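Asks: what follows is a protein structure lacking sequence information:
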């Protein structure tokens, strides 16, 4: 809600959904599960994704790291996966979804 | 054959970057045994048992809910599981109870979506009671 | 497109269901970790 | 000479039907593989298998009927 | 001897149907697994199988027509 | 010519057995790959394989019987 | 007796067509699984399958030409 | 002419006996594929493979028995 | 009788093309499924396909040449 | 005329080997797709493949042995 | 008449080469699908494919030699 409020007066339109009750309780995967699932439930075509978080460096220092989310099936299926065998488009989209959920989990911690 | 294996959960971390011979994994679209140089295959998991055939000779057995079998081109397989649970802590009596209860719920699940949810329950319970 | 698909359930929802089932099968002594999971702590407020 | 006409010719015709046994076995084996991959479409999987097996065995029985015609 | 020759030649000729039967068994079994992997899509999954069935069967049925020509 | 026709026709009709044998091999090989892919559901998978074996074996057995009929 | 052995040779010649049909069944069967895996790959996939059918059918067509030579 | 018929019929029946070779190669081939996917569970996998090979070979050797019977 | 034997022998030698046709169909179907698995690799894949198709057609042509030898 | 019978019977029995030659191809073809998935464990996989060749070639060689027995 | 039997027997023996003609298409076909599965295995993949093709052709040529043997 801090991020929301900071950008509530400039970028409120860009906000699709904002998730509250963050920080009060230690985050876990299920919380990230809720966030990612509702993100899919929105139905917004998030072809390209980007997650921003203050990665812990030291007890006194933190780094605002950004990790890209190549959620789109097309970008997930590039030349790099030419050598990959069993992966099918459907389960690739599923894999990108699970990756989204777990990267949300990792970022929260 | 010097295959680094990373089996980790959000709560606990199992083998991490450890050389293993074979890792039988309960993957969707059929179960395929992770090898030393198996073709890079990004496949999603299904409820079932994972057997890690450690190079020493012993084979540890864990139960997996779901996740991704991220075996790379090199000998690095990342077995991320949402719920990585050992076989001992699972309760067989309540496992059977839940299986039968979900099987009963199947008929009452009028909605095809709800019936699909109970189907996921019974599938997990089937693998569970096989494990127990 | 298995039973979980074609219904609308994504792999994440399928994971949630199987995870809940697994944690249910845990023994009561070990169910403390199942409670620890506590994945409903966060909430969602739709913008509009 | 009609004995040959009813025996050697008919026997050569009889090969056709059991030749399609490979086809029906292929149908059933592919049914096995399909059921292994997705053990939920069996109600439609089995139906498709029955269709294919019926057609293949029908071909074989057509050759067999020709064999019977040669015999009589 | 000519009629006995027609009988034996036709019996040897009609055996080609076996190949047709095996082919259609193959294509329909493939349909089985293809549908298993990707349910529905029968707009092409079933269509292509019917097409292959048509070609494969035509191969054998044309062969049996030659046996008919041998007979008559 | 009767015994000659019996012998050659019986030999010819016996050829069909090969196709049923090929299908018999196909079904059990598919059982192999299915059990490899899905260790669970093997019992029903094995029953399906048994059925397929029985079906193709019957297809061959009729031609084997026809060979016997021609001989006798 | 010359024409008789001609017709027996023709009956033998028709059998060459069958293996062509079996190949046609196989290639079209692969098109099923191929489309099942990649739906986007349709134009190239279908074209290649048609090409394979072309070669397979050409084999049987040539054997039919041999049967023609037997007839003439 | 009876001995001539013995020889030709036995030779014709011998065609089927080795048609099972393709079947047993398919069975053995599938074990290769199965072991590739699941290096474990070989015991049941190999046991089923033998159950299939012996199945396929038995019919072929039965055809060989028929061929020998024609000779005698 | 020798000329009639030449005719029937050519007919028997031309059926040896059916295996070539079936093999060529197998090659092209395999090309289909390979292209599905790994697109943009057609260069090597189609190279392998052309190689196999050439070999199968060469085998069929060899059987045709033997038929030519027998007939003349 | 007995020698002519030996000739024709041996020619027919030699047709059998074709099944095994097709079989030895399948077992080695499976080795290709097997080794493809898991390139390691060659020793086990290749052992199985070699045994498979031995098996299929044994069946075909027995068929050709029957051909030789017909010759004698 | 023995010289006459040579022609038909040679044609029948020549039929046996079709089995190898199909087998080589099968193994070359696997090369394709295996390379699609894993391009890095080309060296050993192609080596095994050449091995299988050579062995299948060995069996086919072994059968084919009988045709020349009986004819000459």
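Replies: Alright, I've got the coordinates. Residues are numbered from 1 along each chain as shown, chains lettered A, B, ... in the order given.
Asks: would you mind measuring from the spatially most central residue of chain C to residue E:41?
Replies: By C-alpha atoms, centre = their mean, chain C has its centre lying nearest to residue C:16, at 2.5 Å. Separation of residue C:16 from residue E:41 (C-beta to C-beta, to the nearest Å): 29 Å. Placement of C-beta: from N, CA and C, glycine included.
Asks: looking at chain C, which residue is nearest chain F?
Replies: residue C:2 (12.5 Å; C-beta to the nearest C-beta).
Asks: isn't that residue right up against residue D:38?
Replies: Yes - counting by C-beta atoms under 8 Å, residue C:2 touches residue D:38, with 6.3 Å between them.
Asks: quick one: neighbours of residue 43, just the number.
Replies: Because you didn't say which chain, this covers chain A. Residue A:43: 8 surrounding residues under other C-beta atoms under 10 Å in any protein chain shown.
Asks: that's the wrong chain, I wanted chain D
Replies: There are 7 residues near residue D:43, going by other C-beta under 10 Å.
Asks: cool, and residue C:35?
Replies: The number of residues near residue C:35, taken as other C-beta under 10 Å, comes to 9.
Asks: before we move on, what about residue D:1?
Replies: Neighbours of residue D:1 (other C-beta under 10 Å): 12.
Asks: OK, contacts around it?
Replies: The neighbours of residue D:1, taking C-beta atoms under 8 Å, 6 or more residues apart in numbering or on different chains as the test, are E:1, E:4, F:1.
Asks: which of those residues sits closest to residue B:73?
Replies: Closest approach between those and residue B:73, by C-beta to C-beta: residue E:4, at 67.9 Å.
Asks: pretty sure the closest one is touching residue D:2, no?
Replies: Yes - here residue E:4 reaches residue D:2: they are 6.7 Å apart, a contact under C-beta under 8 Å.
Asks: I figured residue B:94 hits residue C:22, correct?
Replies: No - the pair residue B:94 / residue C:22 is not scored as a contact, 11.7 Å apart, by C-beta under 8 Å.
Asks: tell me the strands in chain A, going along the chain?
Replies: Taking DSSP state E to define them, one finds strands in chain A at A:17-20, A:49-56, A:62-69.
Asks: ok, the nearest residue to residue B:90 once chain neighbours are set aside to residue B:54 distance?
Replies: Nearest in space to residue B:90, with sequence neighbours left out and distances taken as C-beta to C-beta, 6 or more residues apart in numbering or on different chains, is residue C:25 at 4.8 Å. Using C-beta to C-beta, residue C:25 is found at 26 Å from residue B:54.
Asks: okay, those two: which has more neighbours?
Replies: residue C:25 (30 against 16).
Asks: note down every partner strand of the helix or strand hosting residue B:69 and its orientation.
Replies: Counting by DSSP states H and E, the element that carries residue B:69 is strand B:67-71. Counting by DSSP bridges, the strands paired with strand B:67-71 are strand B:41-44 (antiparallel), strand B:76-81 (antiparallel).
Asks: residue contacts, the residue of chain D found nearest chain F?
Replies: For chain D and chain F, the shortest gap (C-beta to the nearest C-beta) falls at residue D:25, measuring 2.1 Å. By C-beta under 8 Å, 6+ apart, the residues touching residue D:25 are E:25, F:20, F:22-27, F:52-53, F:55-56.
Asks: tell me which of those fall in helices.
Replies: E:25, F:20, F:22-27, F:52-53, F:55-56 (DSSP state H).
Asks: need the three-state assignment for the residue lying closest to residue B:112 once chain neighbours are set aside.
Replies: Leaving aside its chain neighbours, residue B:112 sits nearest to residue C:7 (6.2 Å; criterion: C-beta to C-beta, 6+ apart). Here residue C:7 is coil, with the state taken from DSSP: H, G, I helix; E, B strand; the rest coil.
Asks: and the residue in chain C that chain I sits nearest to, how far from residue D:41?
Replies: At 17.3 Å from chain I, residue C:1 is the closest residue in chain C, using C-beta to the nearest C-beta. Separation of residue C:1 from residue D:41 (C-beta to C-beta) stands at 10 Å.
Asks: so which of those two has more stuff around it?
Replies: Each of residue C:1 and residue D:41 has its neighbours counted (other C-beta under 10 Å); residue D:41 has more, 19 against 14.
Asks: enumerate every residue touching the residue nearest to residue A:36 when sequence neighbours are not counted.
Replies: Leaving aside its chain neighbours, residue A:36 sits nearest to residue A:101 (3.8 Å; criterion: C-beta to C-beta, 6+ apart). Neighbouring residues of residue A:101 by C-beta under 8 Å, 6+ apart: A:29, A:32-33, A:35-37, C:12, C:15.
Asks: can you put those residues in TSV and add neighbour count?
Replies: Below are the contacts of residue A:101 laid out as TSV (neighbours: other C-beta atoms under 10 Å in any protein chain shown):
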residue	neighbour count
A:29	25
A:32	25
A:33	26
A:35	20
A:36	22
A:37	20
C:12	23
C:15	31
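Asks: nearest to chain H, of the residues you listed?
Replies: Distances from chain H to the contacts of residue A:101, taken by C-beta to the nearest C-beta, are shortest for residue C:15, at 24.1 Å.
Asks: what's the closest non-adjacent residue to the closest one?
Replies: In space, residue C:15 is closest to residue B:66, 4.0 Å off (C-beta to C-beta, 6+ apart).
Asks: so how far is residue B:114 from that neighbour?
Replies: 20 Å.
Asks: check residue B:72 too.
Replies: Distance from residue B:72 to residue B:114, by C-beta to C-beta: 39 Å.
Asks: can you name the residue of chain A nearest chain F?
Replies: Counting by C-beta to the nearest C-beta, chain A gets nearest to chain F through residue A:86 (11.0 Å).
Asks: ok, that residue - contacts?
Replies: Contacts of residue A:86 by C-beta under 8 Å, 6+ apart are B:29, B:32, B:39, B:41-43.
Asks: still on that earlier bit, got a markdown table for the strands paired with strand B:67-71, with mean neighbour count too?
Replies: A markdown table is the format used below for the strands paired with strand B:67-71 (neighbours: other C-beta under 10 Å):
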| stretch | mean neighbour count |
| --- | --- |
| strand B:41-44 | 22 |
| strand B:76-81 | 22 |
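Asks: between those, which gets nearest to residue D:31?
Replies: strand B:41-44 (23.7 Å).
Asks: now the most centrally placed residue in chain D. Nearest residue, chain neighbours left out?
Replies: The centroid of chain D falls nearest to residue D:57 when counting by C-alpha atoms, centre = their mean (2.8 Å). With C-beta to C-beta, 6+ apart as the criterion, residue D:57 has its nearest non-adjacent residue at 5.6 Å, and that residue is residue D:24.
Asks: tally of neighbours for that neighbour?
Replies: 34.
Asks: wouldn't it be in contact with residue D:53 here?
Replies: Yes - counting by C-beta under 8 Å, residue D:24 touches residue D:53, with 4.8 Å between them.
Asks: common neighbours of the two, please.
Replies: Joint contacts of residue D:24 and residue D:53 (C-beta under 8 Å, 6+ apart) are E:25, F:55.
Asks: neighbour count: residue B:94 and residue C:22, which is higher?
Replies: residue C:22 (26 against 17).
Asks: list just the nearest of the ones in helices among the contacts of residue D:25 to chain G.
Replies: residue E:25 (7.4 Å).
Asks: and the residue nearest to residue B:90, what does it touch?
Replies: Residue C:25 sits in contact with B:90-91, B:94-95, B:98, B:125, B:128, B:132, where contact means C-beta under 8 Å, 6+ apart.
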